[PDB]
There are 2 protein chains.
Amino acid sequence: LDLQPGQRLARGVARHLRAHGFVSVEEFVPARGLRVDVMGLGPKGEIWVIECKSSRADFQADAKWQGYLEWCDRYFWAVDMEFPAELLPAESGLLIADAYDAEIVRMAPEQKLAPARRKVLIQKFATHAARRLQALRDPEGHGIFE
Amino acid sequence: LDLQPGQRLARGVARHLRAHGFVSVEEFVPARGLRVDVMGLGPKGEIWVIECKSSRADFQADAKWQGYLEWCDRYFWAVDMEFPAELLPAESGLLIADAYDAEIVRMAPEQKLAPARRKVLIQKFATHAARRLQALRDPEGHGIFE
Ligand code: NA
Ligand code: NA
Ligand code: NA
Ligand code: NA
């Protein structure tokens with residue numbers, strides 16, 4: 001695997017979400033100026049944001065993480081077993097992950113999204129997923145201006 | 001390309017939808033016992049069903065096509081330039097397609113979906129897209145029991 005450390009965690013997170021009836025995308029943009037490492041979508045439309053921190057420095061750089069809260073029902077960190085997990089915010093959910101799997105060790109508290117916002121984000125997720133899929137199946141089949 | 005004839009049309013349809021800000025999936029299941037060749041999703045949540053008929057016999061077999069109507073805002077046929085297009089229902093939309101591109105030659109009439117149904121179908125589309133994407137990016141990363 002030539003995946004970067006964050007991509008590795010996200011692979012394991014995605015495997016684990018899928019094993020439990022969720023689906024996911026990577027590098028999702030809920031609003032201008034924000035990007036989340038993994039967005040998970042539950043079978044009833046539950047929205048999870050998972051930030052994959054591959055190092056303490058990676059975590060130090062996500063200082064405005066509380067800004068992700070308004071864009072999800074549940075917010076989680078995902079780190080590997082070498083990460084000092086006790087330093088993460090107590091109120092957050094937590095997964096321990098690697099490139100091959102993940103486990104939730106602390107379930108995030110539920111801060112449900114309003115109906116209109118849930119709609120916008122599901123539409124964005126759909127769009128993200130379907131674009132990336134089409135591009136993998138048909139690499140030449142789009143233009144530079146979209 | 002080792003794509004079957006219907007898959008070829010669907011490739012061209014998908015390219016063309018994407019060029020105009022739509023996204024798509026293939027072999028979409030809106031309800032038990034139905035499957036549509038291409039589902040298109042518009043940037044405002046418009047739902048299009050496109051049936052890709054590669055032969056007159058293919059069209060003859062889609063006799064219950066009026067059953068697709070309740071699952072979309074707009075219903076289209078997609079055929080190649082060798083197809084006797086005049087034989088298709090007058091009320092339907094029409095694309096002429098091949099493996100490389102497509103064009104709408106007749107815009108389908110709008111029969112808008114109810115809000116609750118639009119939601120269900122967008123959720124299904126999201127789920128379909130994201131599963132297939134994850135499986136292409138990580139072939140081994142799921143189990144046989146989902
Ligand atoms: Na992705
Ligand atoms: Na990261
Ligand atoms: Na597909
Ligand atoms: Na077909």
# chains A, B, ... in the order shown; residues from 1 in each chain; ligands from 1
call {"tool": "residues_near_ligand", "arguments": {"ligand": "ligand 3", "cutoff": "12 Å", "atoms": "only C-alpha atoms and all ligand atoms", "output": "PyMOL selection string"}}
result
(chain A and resi 126+129-138) or (chain B and resi 7+10-11+14+23-29+36-40+124-136)
call {"tool": "write_last_selection", "arguments": {"atoms": "C-alpha atoms", "output": "CSV table (one decimal), in the first residue's frame"}}
result
chain,number,residue,atom,x,y,z
A,126,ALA,CA,-24.6,11.2,-3.0
A,129,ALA,CA,-19.8,9.2,-4.1
A,130,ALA,CA,-21.3,8.9,-7.6
A,131,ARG,CA,-18.7,11.3,-9.2
A,132,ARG,CA,-15.7,9.4,-7.8
A,133,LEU,CA,-17.3,6.1,-8.7
A,134,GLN,CA,-17.9,7.2,-12.3
A,135,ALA,CA,-14.3,8.5,-12.6
A,136,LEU,CA,-12.8,5.1,-11.4
A,137,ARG,CA,-15.0,3.1,-13.8
A,138,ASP,CA,-14.5,5.5,-16.7
B,7,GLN,CA,-23.5,-1.3,-20.5
B,10,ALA,CA,-25.1,3.4,-20.0
B,11,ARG,CA,-21.5,4.6,-20.2
B,14,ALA,CA,-23.3,8.6,-17.5
B,23,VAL,CA,-24.5,12.1,-11.4
B,24,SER,CA,-25.6,8.6,-11.9
B,25,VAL,CA,-25.5,5.0,-10.9
B,26,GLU,CA,-26.2,1.8,-12.8
B,27,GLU,CA,-28.6,-1.1,-12.0
B,28,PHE,CA,-30.5,0.8,-9.4
B,29,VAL,CA,-33.3,-0.9,-7.3
B,36,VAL,CA,-33.5,0.5,-13.6
B,37,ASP,CA,-30.5,0.7,-16.0
B,38,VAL,CA,-29.4,4.2,-15.1
B,39,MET,CA,-30.6,6.4,-12.3
B,40,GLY,CA,-29.6,10.1,-12.6
B,124,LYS,CA,-30.7,4.5,-1.7
B,125,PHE,CA,-28.7,6.1,-4.5
B,126,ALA,CA,-26.1,7.4,-1.9
B,127,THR,CA,-25.8,4.0,-0.4
B,128,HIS,CA,-25.5,2.3,-3.8
B,129,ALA,CA,-22.9,4.7,-5.0
B,130,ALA,CA,-20.8,4.7,-1.9
B,131,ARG,CA,-20.8,0.9,-1.6
B,132,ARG,CA,-19.6,0.4,-5.2
B,133,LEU,CA,-17.0,3.1,-4.8
B,134,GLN,CA,-15.6,1.5,-1.6
B,135,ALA,CA,-15.4,-1.9,-3.3
B,136,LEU,CA,-13.4,-0.5,-6.3
call {"tool": "residues_near_ligand", "arguments": {"ligand": "ligand 2", "cutoff": "6 Å", "atoms": "only C-alpha atoms and all ligand atoms", "output": "list in words"}}
result
residues 6, 52, 53, 54 and 58 of chain A
call {"tool": "closest_residue", "arguments": {"among": "B:88, B:1, B:79, B:17", "to": "ligand 4", "atoms": "only C-alpha atoms and all ligand atoms"}}
result
B:79
call {"tool": "select_by_dssp", "arguments": {"residues": "range 67-142 of chain A", "states": "helix (DSSP H, G or I)", "output": "count of residues only"}}
result
31
call {"tool": "atom_distance", "arguments": {"atom1": "CA of residue 110 in chain A", "atom2": "CA of residue 57 in chain A"}}
result
27.4 Å
call {"tool": "residues_around", "arguments": {"residues": "residue 19 in chain B", "least_positions_apart": "4", "cutoff": "9 Å", "atoms": "only C-alpha atoms", "output": "JSON, numbers by chain"}}
result
{"A": [142, 143, 145, 146], "B": [14, 15]}
call {"tool": "atom_distance", "arguments": {"atom1": "CA of residue 50 in chain A", "atom2": "CA of residue 35 in chain A"}}
result
10.8 Å
call {"tool": "residues_around", "arguments": {"residues": "range 69-75 of chain B", "least_positions_apart": "4", "cutoff": "7 Å", "atoms": "only C-alpha atoms", "output": "list in words"}}
result
residues 30, 46, 47, 48, 49, 50, 92, 93, 108, 109, 110, 111, 112 and 113 of chain B
call {"tool": "closest_residue", "arguments": {"among": "A:115, A:65, A:100, A:106", "to": "residue 13 in chain A", "atoms": "only C-alpha atoms"}}
result
A:100
call {"tool": "residues_around", "arguments": {"residues": "residue 103 in chain B", "least_positions_apart": "3", "cutoff": "10 Å", "atoms": "only C-alpha atoms", "output": "MDAnalysis selection string"}}
result
chainID B and resid 12:13 16:17 78 94:98 106
call {"tool": "write_last_selection", "arguments": {"atoms": "C-alpha atoms", "output": "PDB file, in the first residue's frame"}}
result
ATOM      1  CA  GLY B  12     -22.364   7.226 -22.714  1.00  0.00           C
ATOM      2  CA  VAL B  13     -25.405   8.256 -20.767  1.00  0.00           C
ATOM      3  CA  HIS B  16     -23.376  13.050 -20.702  1.00  0.00           C
ATOM      4  CA  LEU B  17     -25.258  13.399 -17.397  1.00  0.00           C
ATOM      5  CA  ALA B  78     -31.546   5.575 -24.317  1.00  0.00           C
ATOM      6  CA  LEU B  94     -35.192  10.048 -25.442  1.00  0.00           C
ATOM      7  CA  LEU B  95     -31.440   9.981 -25.633  1.00  0.00           C
ATOM      8  CA  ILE B  96     -29.342   8.733 -28.475  1.00  0.00           C
ATOM      9  CA  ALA B  97     -26.211   7.170 -26.973  1.00  0.00           C
ATOM     10  CA  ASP B  98     -23.142   5.000 -27.548  1.00  0.00           C
ATOM     11  CA  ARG B 106     -36.508  14.634 -26.585  1.00  0.00           C
TER      12      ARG B 106
END
call {"tool": "closest_residue", "arguments": {"among": "B:81, B:3, B:61, B:34", "to": "ligand 4", "atoms": "only C-alpha atoms and all ligand atoms"}}
result
B:61
call {"tool": "closest_residue", "arguments": {"among": "B:32, B:64, B:119, B:56", "to": "chain A", "atoms": "only C-alpha atoms"}}
result
B:119
call {"tool": "closest_residue", "arguments": {"among": "A:67, A:42, A:84, A:141", "to": "chain B", "atoms": "only C-alpha atoms"}}
result
A:141
call {"tool": "atom_distance", "arguments": {"atom1": "CA of residue 90 in chain A", "atom2": "CA of residue 107 in chain A"}}
result
11.0 Å
call {"tool": "select_by_dssp", "arguments": {"residues": "range 17-121 of chain A", "states": "strand (DSSP E or B)", "output": "MDAnalysis selection string"}}
result
chainID A and resid 23:28 36:41 47:52 74:79 93:97 102:106
call {"tool": "closest_residue", "arguments": {"among": "B:41, B:87, B:63, B:105", "to": "chain A", "atoms": "only C-alpha atoms"}}
result
B:41
